[PDB]
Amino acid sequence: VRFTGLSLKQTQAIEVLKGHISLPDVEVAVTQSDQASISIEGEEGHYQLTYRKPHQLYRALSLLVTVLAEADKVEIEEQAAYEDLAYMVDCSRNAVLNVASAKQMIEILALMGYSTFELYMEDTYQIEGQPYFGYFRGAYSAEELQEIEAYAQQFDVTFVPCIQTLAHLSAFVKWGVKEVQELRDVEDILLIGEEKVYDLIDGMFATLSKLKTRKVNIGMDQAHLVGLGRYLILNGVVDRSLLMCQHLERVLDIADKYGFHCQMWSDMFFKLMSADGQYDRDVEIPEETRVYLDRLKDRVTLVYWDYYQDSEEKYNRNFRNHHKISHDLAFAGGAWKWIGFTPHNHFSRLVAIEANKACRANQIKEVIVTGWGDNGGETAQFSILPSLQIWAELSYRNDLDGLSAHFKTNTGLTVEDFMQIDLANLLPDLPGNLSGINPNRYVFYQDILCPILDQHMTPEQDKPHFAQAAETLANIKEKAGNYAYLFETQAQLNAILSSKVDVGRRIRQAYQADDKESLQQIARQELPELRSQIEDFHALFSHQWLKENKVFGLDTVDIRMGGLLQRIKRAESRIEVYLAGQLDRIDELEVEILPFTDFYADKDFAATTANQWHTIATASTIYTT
């Protein structure tokens, strides 16, 4: 590859990206031009490449590599619909992306066309004088954040931290020392009005001000009981919509002190000013709150977040609700990686297509693609690359015609192969448009003796689905190069699910039929083999985790999986005592299984959504007193 017109910075960036893409032997003249986000023209090995914004050079090169495998003549012109496209990684659900993996992620985002990289850190960044904040969580040092940001800057990608300045601070506020307890209202919510809370928040911005970036998402989502705990005890009943504004104004003043411009999640305005306390509502704004908001709206960008709607109209409705408060809006979409071990790129594609229509219809300047890790971070950080390419394609081209070819240029895999990563969730009888259906997770963590999700299993279809999935994924692993770990992990999981999906039911059928030879088989052969496979899964999972994340947080998985293993040993031992005639009855097996949840009771399929480890694993108490 011969380039003319590059700076040293750009030539060095390109050197890094040769680790992902193969530049052919051609001559490319490069310039900045406002004419297009990306333009590439020329033929017979001599090409002219222009970008509007510096970071767009890297997507241009991915396009160039792609189209030259196909043809000698190139006519590319792209007009991105969004001023900014960002990817936000969850670093608060136990999985803290390690620095080396943050660098890989940045490289890929740059090839895809993202302008912005973001980390969501509730308590997982260090604040001077707050030793419990992020303690044993692998909180990023200021230096690590600076290194990560500086790396992104190598590709003209900007960095935006997503923090919390109200709720979602559960891992911090649990620490039973006065310096932390005095900051609390209730649950995971900080105490509005308490000066020590504003000292903490000032501390958050002092840390962040060590970065170059002056753009921040301050959070403030899901503070459902705000003003109703220690706040209510100290101050009595207040208008909670005004309370939100008072808090918001204090935080904005602190941001201003450090020169930051803020975004925030939008949901609490709607929840606190709607009759049934929900996000998706047209709001009745009390006049005093309307006056307060009118002055605050000019100082903050509201982020409408929605990972769920299957149609443009549903989004547009919410955009119209938001316009009643502000026209300075951004949108946050979803790269589904928060439903256990296995992502849902398929569902992500479905909703992105529709969200992109709505966002364009409402002149949304910025889309933030979110990669949440709900309830323990058990899905791989790189599991959702197809979703990321999907949104990039939608911004730059408004279609997916180039999705797989650009994807294979950037990763070595076709997007279709990569999206087989979803397989543990893709039961055949599901419609593609319902969210959160996560058998990958609940089949895995379910008990043996007390299988409380058993009514949601359909062994005739599920067993061969999982078995075939494991074979499909082993084949993809062998051609996945450096992405192999992802597929190996999923293959082993599907192998486990193919038998575990009904082992609990088979134990009960054998018990009821008095088939003792079968119980003996299950206790002495199948369940010990099940433990061996789970330990193999745990090893693969640990390799995956340690490759992507800091070690901190893996401990919760160690605990969860060690518990599962011990519960399988209980199944073995209880069966043995019964077979030895030292029990008349196995009481666990005498209990009739009820539906776990009725959330999809009306549908013809049996699967469901169950995404809390502690209620998957047992009907007993385990965290409560």
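Residue positions are given as counts along the sequence shown, with the first one as 1.
Of the two stretches examined, 517-525 and 213-221, the record assigns the greater average C-alpha temperature factor to 517-525. Between 233-241 and 116-124, it is 233-241 that carries the larger average Cα temperature factor according to the deposited entry. In this structure the maximum Cα B-factor among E378, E77, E488, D447 is found at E77. In this structure the maximum Cα B-factor among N549, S266, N345, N321 is found at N321. When the modelled residues of the chain are ordered by C-alpha B-factor, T608 sits in the middle third.
Among all modelled residues in this chain, the alpha-carbon of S274 has a temperature factor (C-alpha) in the highest third.
Ranked within its chain, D598 lands in the highest third, by CA B factor from the PDB record. The entry lists a Cα temperature factor for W175 that places it in the lowest third of the chain's modelled residues. For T409, the recorded CA temperature factor ranks within the middle third of the chain's modelled residues.
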